[PDB]
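Peer 1: Coordinates in protein00.cif, mmCIF, C-alpha atoms, are listed below.
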```cif
data_upload
#
loop_
_atom_site.label_atom_id
_atom_site.label_comp_id
_atom_site.auth_asym_id
_atom_site.auth_seq_id
_atom_site.Cartn_x
_atom_site.Cartn_y
_atom_site.Cartn_z
CA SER A 869 13.40 -18.62 36.12
CA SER A 870 15.86 -21.29 34.96
CA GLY A 871 14.98 -23.38 31.92
CA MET A 872 14.93 -23.13 28.16
CA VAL A 873 14.70 -20.48 25.49
CA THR A 874 11.33 -20.88 23.75
CA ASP A 875 12.05 -18.37 20.95
CA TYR A 876 14.12 -15.31 20.07
CA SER A 877 14.00 -12.66 17.35
CA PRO A 878 15.75 -11.72 15.21
CA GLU A 879 18.12 -14.69 14.93
CA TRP A 880 20.93 -12.64 13.39
CA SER A 881 22.73 -9.29 13.23
CA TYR A 882 25.32 -7.50 11.12
CA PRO A 883 28.89 -7.36 12.56
CA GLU A 884 28.49 -3.94 14.16
CA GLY A 885 25.79 -5.37 16.43
CA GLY A 886 23.44 -2.89 18.08
CA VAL A 887 20.27 -4.79 17.19
CA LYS A 888 17.44 -5.35 19.67
CA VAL A 889 16.83 -9.04 20.38
CA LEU A 890 13.83 -10.40 22.27
CA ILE A 891 14.34 -13.75 24.01
CA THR A 892 11.46 -15.66 25.53
CA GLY A 893 11.44 -18.36 28.14
CA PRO A 894 10.58 -18.98 31.82
CA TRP A 895 12.19 -15.78 33.14
CA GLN A 896 10.19 -14.45 36.10
CA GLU A 897 12.64 -12.84 38.56
CA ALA A 898 11.92 -9.23 39.44
CA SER A 899 15.51 -8.24 40.19
CA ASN A 900 17.24 -6.27 37.42
CA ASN A 901 20.19 -8.67 37.10
CA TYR A 902 19.47 -10.46 33.83
CA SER A 903 22.03 -10.46 31.02
CA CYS A 904 22.55 -12.16 27.68
CA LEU A 905 25.82 -13.64 26.54
CA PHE A 906 26.71 -13.73 22.84
CA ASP A 907 29.82 -15.90 22.41
CA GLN A 908 30.49 -15.14 26.08
CA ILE A 909 30.26 -11.37 25.46
CA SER A 910 27.81 -10.01 28.02
CA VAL A 911 25.19 -7.29 27.53
CA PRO A 912 22.50 -6.28 30.04
CA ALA A 913 18.95 -7.51 29.54
CA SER A 914 15.61 -6.09 30.69
CA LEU A 915 12.56 -8.10 31.71
CA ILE A 916 9.91 -6.47 29.47
CA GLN A 917 7.27 -8.60 31.15
CA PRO A 918 7.20 -12.11 32.60
CA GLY A 919 8.93 -14.48 30.20
CA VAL A 920 10.31 -11.78 27.91
CA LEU A 921 13.85 -10.41 27.96
CA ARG A 922 15.17 -7.60 25.75
CA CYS A 923 18.81 -6.81 25.02
CA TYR A 924 20.82 -5.09 22.30
CA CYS A 925 23.37 -7.48 20.83
CA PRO A 926 27.10 -6.62 20.90
CA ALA A 927 29.40 -6.28 17.90
CA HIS A 928 31.04 -9.52 16.75
CA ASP A 929 32.82 -11.07 13.75
CA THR A 930 30.67 -12.80 11.18
CA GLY A 931 29.90 -16.38 12.14
CA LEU A 932 27.65 -18.44 14.38
CA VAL A 933 27.79 -17.88 18.13
CA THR A 934 26.13 -19.10 21.31
CA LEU A 935 23.36 -17.00 22.85
CA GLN A 936 22.62 -17.66 26.53
CA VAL A 937 20.54 -16.01 29.27
CA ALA A 938 22.14 -15.39 32.68
CA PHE A 939 20.97 -14.03 36.05
CA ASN A 940 23.63 -12.54 38.35
CA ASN A 941 26.04 -13.69 35.61
CA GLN A 942 25.03 -17.30 36.19
CA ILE A 943 23.90 -19.08 33.00
CA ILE A 944 20.26 -20.09 33.46
CA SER A 945 19.28 -21.29 29.98
CA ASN A 946 20.36 -23.56 27.14
CA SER A 947 22.47 -22.08 24.32
CA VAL A 948 20.79 -21.21 21.01
CA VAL A 949 22.44 -20.23 17.75
CA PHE A 950 22.77 -16.54 16.87
CA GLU A 951 24.30 -15.47 13.59
CA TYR A 952 26.39 -12.48 12.66
CA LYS A 953 26.06 -12.07 8.89
CA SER A 954 28.50 -10.13 6.72
CA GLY A 955 25.71 -8.08 5.16
CA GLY B 871 -4.29 -4.19 25.70
CA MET B 872 -1.10 -2.78 24.27
CA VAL B 873 1.93 -4.14 22.47
CA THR B 874 4.84 -4.09 24.91
CA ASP B 875 7.52 -4.88 22.31
CA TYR B 876 8.12 -6.57 18.97
CA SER B 877 11.12 -7.71 16.97
CA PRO B 878 12.37 -7.23 14.38
CA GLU B 879 10.69 -3.95 13.47
CA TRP B 880 11.33 -4.28 9.74
CA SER B 881 11.41 -6.63 6.75
CA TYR B 882 12.38 -6.63 3.10
CA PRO B 883 9.50 -6.35 0.57
CA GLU B 884 9.23 -10.11 0.00
CA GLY B 885 8.25 -10.56 3.63
CA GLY B 886 8.58 -14.02 5.11
CA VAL B 887 10.28 -12.80 8.29
CA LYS B 888 9.47 -14.14 11.76
CA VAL B 889 8.20 -11.45 14.10
CA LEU B 890 7.63 -11.84 17.84
CA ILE B 891 5.08 -9.49 19.38
CA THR B 892 4.72 -9.33 23.15
CA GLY B 893 1.82 -8.01 25.17
CA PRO B 894 -1.12 -9.17 27.35
CA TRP B 895 -1.99 -12.15 25.10
CA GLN B 896 -3.39 -14.90 27.36
CA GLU B 897 -6.16 -16.59 25.32
CA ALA B 898 -5.90 -20.36 24.95
CA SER B 899 -7.87 -20.53 21.70
CA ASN B 900 -5.81 -20.70 18.50
CA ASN B 901 -7.40 -17.62 16.91
CA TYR B 902 -4.71 -14.96 17.13
CA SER B 903 -3.57 -13.14 14.01
CA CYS B 904 -1.49 -10.11 13.09
CA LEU B 905 -2.46 -7.37 10.66
CA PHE B 906 0.26 -5.66 8.62
CA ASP B 907 -1.36 -2.68 6.90
CA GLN B 908 -4.64 -4.63 7.05
CA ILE B 909 -3.07 -7.80 5.59
CA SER B 910 -3.83 -10.65 7.99
CA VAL B 911 -1.46 -13.51 8.82
CA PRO B 912 -2.00 -16.21 11.45
CA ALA B 913 -0.08 -15.96 14.72
CA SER B 914 0.75 -18.58 17.36
CA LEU B 915 0.90 -18.07 21.11
CA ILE B 916 4.42 -19.38 21.86
CA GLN B 917 3.66 -18.92 25.55
CA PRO B 918 1.55 -16.46 27.55
CA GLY B 919 2.25 -12.92 26.36
CA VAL B 920 4.22 -14.01 23.31
CA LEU B 921 2.93 -14.21 19.75
CA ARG B 922 4.87 -15.39 16.71
CA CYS B 923 3.93 -14.73 13.08
CA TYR B 924 5.63 -14.51 9.70
CA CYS B 925 5.06 -11.14 8.04
CA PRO B 926 3.47 -10.93 4.56
CA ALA B 927 5.08 -9.46 1.48
CA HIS B 928 4.47 -5.74 1.03
CA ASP B 929 5.68 -2.77 -0.96
CA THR B 930 8.44 -0.66 0.59
CA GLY B 931 7.23 1.78 3.25
CA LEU B 932 5.80 2.12 6.75
CA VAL B 933 2.72 0.14 7.75
CA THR B 934 0.62 -0.44 10.84
CA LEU B 935 1.03 -3.65 12.80
CA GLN B 936 -1.83 -4.78 15.00
CA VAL B 937 -2.75 -7.89 16.97
CA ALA B 938 -6.21 -9.42 16.60
CA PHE B 939 -8.16 -12.29 18.13
CA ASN B 940 -11.05 -13.89 16.22
CA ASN B 941 -10.29 -11.33 13.50
CA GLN B 942 -11.04 -8.40 15.78
CA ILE B 943 -8.22 -5.98 16.59
CA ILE B 944 -7.28 -6.09 20.27
CA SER B 945 -4.16 -3.91 20.42
CA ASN B 946 -2.81 -0.50 19.53
CA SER B 947 -0.99 0.05 16.24
CA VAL B 948 2.80 0.04 16.06
CA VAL B 949 5.04 1.00 13.19
CA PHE B 950 6.53 -1.79 11.08
CA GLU B 951 8.78 -1.02 8.13
CA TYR B 952 9.44 -2.71 4.82
CA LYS B 953 12.88 -1.54 3.69
CA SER B 954 13.79 -1.38 -0.01
CA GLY B 955 16.55 -3.98 0.24
#
```
Output the file's structure in the form of structure tokens.

Peer 2:
Amino acid sequence: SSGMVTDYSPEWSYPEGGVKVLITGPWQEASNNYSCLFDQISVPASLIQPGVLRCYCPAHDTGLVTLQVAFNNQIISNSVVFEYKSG
Amino acid sequence: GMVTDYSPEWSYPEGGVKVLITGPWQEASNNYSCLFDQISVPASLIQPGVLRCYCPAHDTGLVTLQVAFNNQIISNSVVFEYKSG
């Protein structure tokens, strides 16, 4: 299940967060221990189906941040840019 | 089959927003498309079960979003919204 993020949507959120984000990649594990880290802030993630993780982004100041996928809190993907826009 | 999820669920009237739609999409052939209130736009299979498309422009309001293959609808309809902006 370790590898690289193939896509994610949306690529941004307003500062208050609370936006669903889908992240695709080689995630296959059955165990419910996936999480997503936005600028190191962790939120739980759910495996919708093989290769598809869903999470609701956390609140964060405007700016660009790293978005990573972890399993048992261990980073298992590359970092991709996620943007918090002032809006 | 059925759409398992999709994101984002909305767009501004001008459209031009990337939308990922997940489900039982396995086909190898490059003939997937997405229908927004009957407006068709091409879609690409990023990887099994994952389709990417860029939504069309549309007047404010709720519309149906469906997945098709070879121009024939193969999924249920899910709500997609164009917000005033």

Peer 1: Between A:942, A:877, A:947, A:908, which residue has the minimum interatomic distance to residue 887 of chain B, considering only C-alpha atoms?

Peer 2: A:877

Peer 1: Starting from the PyMOL selection byres ((chain B) within 7 of (chain A)), expand the selection into actual residues of this file and give them as a list in words.

Peer 2: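 When the PyMOL selection byres ((chain B) within 7 of (chain A)) is applied to the shown file, the picked residues are residues 877, 878, 889 and 890 of chain B.
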
Peer 1: Pick out the residues sitting within 9 Å of segment 919-933 of chain B, and hand them over as JSON, numbers by chain; count all atoms listed in the file, and ignore anything fewer than 4 positions along from it in its own chain.

Peer 2: {"A": [875, 892, 917, 918, 919, 920], "B": [880, 881, 882, 883, 884, 885, 886, 887, 888, 889, 890, 891, 892, 893, 894, 895, 896, 902, 903, 904, 905, 906, 907, 908, 909, 910, 911, 912, 913, 914, 915, 937, 948, 949, 950, 951, 952, 953, 954, 955]}

Peer 1: Give me the residues near residue 915 of chain A as a compact mmCIF listing (two decimals) with C-alpha atoms, in the coordinates of the input, where near means some atom within 9 Å (using all atoms listed in the file) and where sequence neighbours in that chain fewer than 5 positions away do not count.

Peer 2:
```txt
# COMPACT_ATOMS: atom_id res chain seq x y z
CA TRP A 895 12.19 -15.78 33.14
CA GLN A 896 10.19 -14.45 36.10
CA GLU A 897 12.64 -12.84 38.56
CA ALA A 898 11.92 -9.23 39.44
CA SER A 899 15.51 -8.24 40.19
CA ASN A 900 17.24 -6.27 37.42
CA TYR A 902 19.47 -10.46 33.83
CA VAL A 920 10.31 -11.78 27.91
CA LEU A 921 13.85 -10.41 27.96
CA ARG A 922 15.17 -7.60 25.75
```

Peer 1: Provide the atom CA of residue 898 of chain B to atom CA of residue 916 of chain B distance in Å, to one decimal place.

Peer 2: 10.8 Å

Peer 1: Would you translate the PyMOL selection byres ((chain A and resi 944) around 10) into the concrete set of residues it matches in this file, as a PyMOL selection string?

Peer 2: chain A and resi 869-873+894-895+902+936-943+945-947

Peer 1: Would you save the residues from that selection as a compact mmCIF listing (two decimals), keeping the file's coordinate frame, using C-alpha atoms?

Peer 2:
```
# COMPACT_ATOMS: atom_id res chain seq x y z
CA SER A 869 13.40 -18.62 36.12
CA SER A 870 15.86 -21.29 34.96
CA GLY A 871 14.98 -23.38 31.92
CA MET A 872 14.93 -23.13 28.16
CA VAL A 873 14.70 -20.48 25.49
CA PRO A 894 10.58 -18.98 31.82
CA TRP A 895 12.19 -15.78 33.14
CA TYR A 902 19.47 -10.46 33.83
CA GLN A 936 22.62 -17.66 26.53
CA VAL A 937 20.54 -16.01 29.27
CA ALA A 938 22.14 -15.39 32.68
CA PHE A 939 20.97 -14.03 36.05
CA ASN A 940 23.63 -12.54 38.35
CA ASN A 941 26.04 -13.69 35.61
CA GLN A 942 25.03 -17.30 36.19
CA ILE A 943 23.90 -19.08 33.00
CA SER A 945 19.28 -21.29 29.98
CA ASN A 946 20.36 -23.56 27.14
CA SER A 947 22.47 -22.08 24.32
```

Peer 1: Just give me the gap between atom CA of residue 930 of chain A and atom CA of residue 904 of chain A in Å, one decimal is fine.

Peer 2: 18.4 Å

Peer 1: Separation of atom CA of residue 934 of chain A and atom CA of residue 905 of chain A, in Å?

Peer 2: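 These two atoms are separated by 7.6 Å.
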
Peer 1: Taking into account only C-alpha atoms, which residue in the set B:900, B:874, B:879, B:918 is nearest to residue 940 of chain B?

Peer 2: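 Of the candidates, the smallest distance to residue 940 of chain B is held by B:900.
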
Peer 1: Between A:955, A:923, A:880, A:949, which residue has the minimum interatomic distance to residue 903 of chain A, considering all atoms listed in the file?

Peer 2: A:923

Peer 1: Would you mind putting back N, CA, C and O atoms on segment 878-903 of chain A, then writing it out as a compact mmCIF listing (two decimals), in the coordinates of the input?

Peer 2:
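Once written, out-v2.txt looks like this:
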```txt
# COMPACT_ATOMS: atom_id res chain seq x y z
N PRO A 878 15.43 -10.91 16.39
CA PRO A 878 15.75 -11.72 15.21
C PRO A 878 16.79 -12.75 15.61
O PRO A 878 17.29 -12.73 16.73
N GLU A 879 17.13 -13.64 14.68
CA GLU A 879 18.12 -14.69 14.93
C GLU A 879 19.50 -14.31 14.42
O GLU A 879 20.43 -15.11 14.49
N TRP A 880 19.65 -13.08 13.94
CA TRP A 880 20.93 -12.64 13.39
C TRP A 880 21.13 -11.13 13.49
O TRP A 880 20.21 -10.39 13.79
N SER A 881 22.36 -10.70 13.21
CA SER A 881 22.73 -9.29 13.23
C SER A 881 23.93 -9.07 12.33
O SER A 881 24.64 -10.01 11.98
N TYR A 882 24.15 -7.82 11.93
CA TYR A 882 25.32 -7.50 11.12
C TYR A 882 26.46 -7.41 12.14
O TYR A 882 26.21 -7.35 13.35
N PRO A 883 27.72 -7.42 11.68
CA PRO A 883 28.89 -7.36 12.56
C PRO A 883 28.96 -6.24 13.58
O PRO A 883 29.48 -6.43 14.68
N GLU A 884 28.44 -5.06 13.24
CA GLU A 884 28.49 -3.94 14.16
C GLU A 884 27.58 -4.12 15.37
O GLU A 884 27.69 -3.37 16.35
N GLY A 885 26.70 -5.12 15.32
CA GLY A 885 25.79 -5.37 16.43
C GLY A 885 24.82 -4.21 16.61
O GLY A 885 24.48 -3.54 15.65
N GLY A 886 24.36 -3.98 17.84
CA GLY A 886 23.44 -2.89 18.08
C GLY A 886 22.03 -3.15 17.57
O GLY A 886 21.33 -2.23 17.13
N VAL A 887 21.61 -4.41 17.62
CA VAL A 887 20.27 -4.79 17.19
C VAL A 887 19.49 -5.33 18.38
O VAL A 887 19.99 -6.16 19.13
N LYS A 888 18.25 -4.86 18.57
CA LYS A 888 17.44 -5.35 19.67
C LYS A 888 17.08 -6.82 19.43
O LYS A 888 16.70 -7.21 18.33
N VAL A 889 17.19 -7.63 20.48
CA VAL A 889 16.83 -9.04 20.38
C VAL A 889 15.89 -9.35 21.53
O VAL A 889 16.14 -8.96 22.68
N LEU A 890 14.77 -10.00 21.22
CA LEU A 890 13.83 -10.40 22.27
C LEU A 890 14.07 -11.89 22.45
O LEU A 890 14.26 -12.61 21.48
N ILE A 891 14.11 -12.34 23.71
CA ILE A 891 14.34 -13.75 24.01
C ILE A 891 13.28 -14.17 25.02
O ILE A 891 13.15 -13.58 26.09
N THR A 892 12.53 -15.20 24.67
CA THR A 892 11.46 -15.66 25.53
C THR A 892 11.80 -16.97 26.21
O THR A 892 12.58 -17.78 25.71
N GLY A 893 11.20 -17.17 27.38
CA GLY A 893 11.44 -18.36 28.14
C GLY A 893 10.76 -18.24 29.49
O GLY A 893 9.87 -17.41 29.65
N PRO A 894 11.19 -19.02 30.49
CA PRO A 894 10.58 -18.98 31.82
C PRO A 894 11.11 -17.92 32.78
O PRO A 894 11.04 -18.10 33.99
N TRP A 895 11.65 -16.82 32.26
CA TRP A 895 12.19 -15.78 33.14
C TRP A 895 11.08 -15.09 33.93
O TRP A 895 10.13 -14.58 33.34
N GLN A 896 11.21 -15.06 35.25
CA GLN A 896 10.19 -14.45 36.10
C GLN A 896 10.75 -13.46 37.12
O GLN A 896 10.06 -12.51 37.51
N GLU A 897 11.98 -13.69 37.56
CA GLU A 897 12.64 -12.84 38.56
C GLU A 897 12.31 -11.36 38.39
O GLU A 897 12.14 -10.87 37.27
N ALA A 898 12.22 -10.65 39.50
CA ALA A 898 11.92 -9.23 39.44
C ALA A 898 13.21 -8.42 39.42
O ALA A 898 13.28 -7.38 38.78
N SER A 899 14.22 -8.92 40.11
CA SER A 899 15.51 -8.24 40.19
C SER A 899 16.09 -7.95 38.80
O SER A 899 16.04 -8.78 37.91
N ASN A 900 16.64 -6.75 38.66
CA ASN A 900 17.24 -6.27 37.42
C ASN A 900 18.67 -6.80 37.22
O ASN A 900 19.60 -6.02 37.02
N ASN A 901 18.85 -8.11 37.26
CA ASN A 901 20.19 -8.67 37.10
C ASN A 901 20.32 -9.69 35.97
O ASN A 901 21.19 -10.56 36.00
N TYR A 902 19.44 -9.57 34.98
CA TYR A 902 19.47 -10.46 33.83
C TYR A 902 20.49 -9.93 32.82
O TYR A 902 20.73 -8.73 32.74
N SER A 903 21.08 -10.84 32.06
CA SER A 903 22.03 -10.46 31.02
C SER A 903 21.97 -11.53 29.95
O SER A 903 21.43 -12.61 30.17
```
